[PDB]
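Colleague: Test case, fold it:
(one chain, ligands or ions: 3)
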Amino acid sequence: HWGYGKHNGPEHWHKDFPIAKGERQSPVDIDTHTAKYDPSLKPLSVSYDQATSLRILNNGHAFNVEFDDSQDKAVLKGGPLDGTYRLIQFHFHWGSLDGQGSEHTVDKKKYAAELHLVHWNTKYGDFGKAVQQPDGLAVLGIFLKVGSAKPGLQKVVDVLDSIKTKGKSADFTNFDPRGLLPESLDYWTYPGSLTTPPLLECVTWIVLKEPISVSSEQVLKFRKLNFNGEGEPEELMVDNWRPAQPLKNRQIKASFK
Ligand SMILES: CN1/C(=C\CC2=C(NCCCCCCNC(=O)CCc3ccc(S(N)(=O)=O)cc3)/C(=C\C=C3\N(C)c4ccccc4C3(C)C)CCC2)C(C)(C)c2ccccc21
Ligand SMILES: [Hg+2]
Ligand SMILES: [Zn+2]
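Modeller: Numbering: from 1, shown residues only. Ligands and ions are numbered 1, 2, ... in the order given. Below is the structure:
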């Protein structure tokens, strides 16, 4: 089954998931000089005050911090979005080295990592139904660079020992996702897909311009995770990112002048 290695990685995905070569695949390169300021964009609203995290899971490709989405708690609205999208989970993509790891790129620049906060549209009642709709999902993409530590990330960093291998999970209640945001909410937005199989072209991407900084020791701990399950040969969880995909004359719009 799909992974990130030579034999099961991004170049192989299209065989099981034909949509890998579809018309709105993610991620993409954000060419800053081609993106246009869109004044019809309403202000973005990230409301994570009442967020209810439940647990953290190593799924053999990344780790997901999962949220209780059975009520309108953590929500994304405004910006390019109509209506209300509920936070369901977040996860990261990172590299083996600082000079790679992000999925989206900016003028071809790769960040050390990329955080994806995944939200589903509430007109569709649940996640599984949302992912059958062209406007079912909204993903908030935040770049990570290596610099000073991100305090709001350390509770995640502390728990990764508990979930080293594929299939392991740990209690992860009372996590506040607001600690992972940068100061500015300036963003690029384009219509796209999930970046892991089954891919699925149901995402409104909202990619933040301002990266967060995380410490070298924080990202180092991401890199100690395993792709394999307990009692198997060690396959370090690194370079779990899909590279940039053809834009196919979609338009990337900027929230900012
Ligand atoms: C292609 N296509 C369509 C379906 C395709 C399709 C399937 N249909 C169901 C897709 C369900 C996906 C679930 C969510 N996936 C995530 O990854 C979310 C996490 C995540 C979030 C964000 C990020 S990130 N990186 O932040 O972005 C990264 C990860 C497949 C399997 C379905 C199963 N089912 C139902 C059951 C049930 C029980 C057991 C086993 C299964 C399997 C798994 C077999 C596999 C082959 C492709 C449809 C919708 C018909 C469609 C319409 C129009 C055009 C095309 C098209
Ligand atoms: Hg879709
Ligand atoms: Zn992702």
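
Colleague: Contact partners for residue 120?
Modeller: Contacts for residue 120 (C-beta atoms under 8 Å, 6 or more residues apart in numbering) come out as 69, 85-86, 88, 126-127, 130-131, 136-138. (Each C-beta comes from the backbone N, C-alpha and C, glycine too.)

Colleague: How about it: what's its closest non-neighbour residue?
Modeller: residue 130 (4.0 Å; C-beta to C-beta, 6 or more residues apart in numbering).

Colleague: I'd say the one you found and residue 202 touch.
Modeller: Yes. Counting by C-beta atoms under 8 Å, residue 202 is a contact partner of residue 130 at 6.8 Å.

Colleague: Can you work out which residues contact both of these two?
Modeller: Counting by C-beta under 8 Å, 6+ apart, the residues touching both residue 130 and residue 202 are 136-137.

Colleague: Would you mind listing what in the stretch 101-250 of the chain touches ligand 3?
Modeller: Residues of the stretch 101-250 of the chain found near ligand 3 (C-beta under 5 Å from the ion) are 116, 195.

Colleague: circling back to that earlier point, what about the residue nearest to residue 120, how many residues nearby?
Modeller: Look at residue 130: counted by other C-beta atoms under 10 Å, it has 23 neighbours.

Colleague: With residue 177 instead?
Modeller: When neighbours are counted by other C-beta under 10 Å, residue 177 comes out with 20.

Colleague: residue ranges for the helices of the stretch 151-257 of the chain, please.
Modeller: Ranges of helices within the stretch 151-257 of the chain are 154-159, 216-222, based on DSSP state H, counting those that start in this stretch.

Colleague: Which residue comes closest to the closest residue to ligand 1 within the stretch 1-150 of the chain once chain neighbours are left out?
Modeller: When scored by C-beta to the nearest ligand atom, the stretch 1-150 of the chain has residue 116 as its residue closest to ligand 1, at 3.1 Å. In space, and not counting its chain neighbours, residue 116 is closest to residue 139: 5.2 Å by C-beta to C-beta, 6+ apart.

Colleague: Who are the packing partners of the helix or strand hosting the one you found?
Modeller: Per DSSP states H and E, residue 139 falls inside strand 137-146. Using 3 or more C-beta pairs under 8 Å, 6 or more residues apart in numbering; DSSP states H and E, the elements in contact with strand 137-146 are strand 85-94, strand 113-121, strand 203-208, strand 212-214, helix 216-222.

Colleague: now with 10 Å?
Modeller: When contacts are defined as 3 or more C-beta pairs under 10 Å, 6 or more residues apart in numbering; DSSP states H and E, strand 137-146 sits against strand 75-78, strand 85-94, strand 113-121, helix 127-130, strand 187-192, strand 203-208, strand 212-214, helix 216-222.

Colleague: Contact partners for whichever residue of the stretch 151-257 of the chain sits closest to ligand 3?
Modeller: At 4.9 Å from ligand 3, residue 195 is the closest residue in the stretch 151-257 of the chain, using C-beta to the ion. By C-beta atoms under 10 Å, 6 or more residues apart in numbering, the contact set of residue 195 is 10, 25-27, 93, 103-104, 114, 116, 139, 141, 203, 205, 240-243, 245.

Colleague: what does residue 170 give?
Modeller: Shown in contact with residue 170 (C-beta under 10 Å, 6+ apart): 55-58, 63, 159-163.

Colleague: change it to 6 Å
Modeller: 56, 159, 162-163 (C-beta atoms under 6 Å, 6 or more residues apart in numbering).
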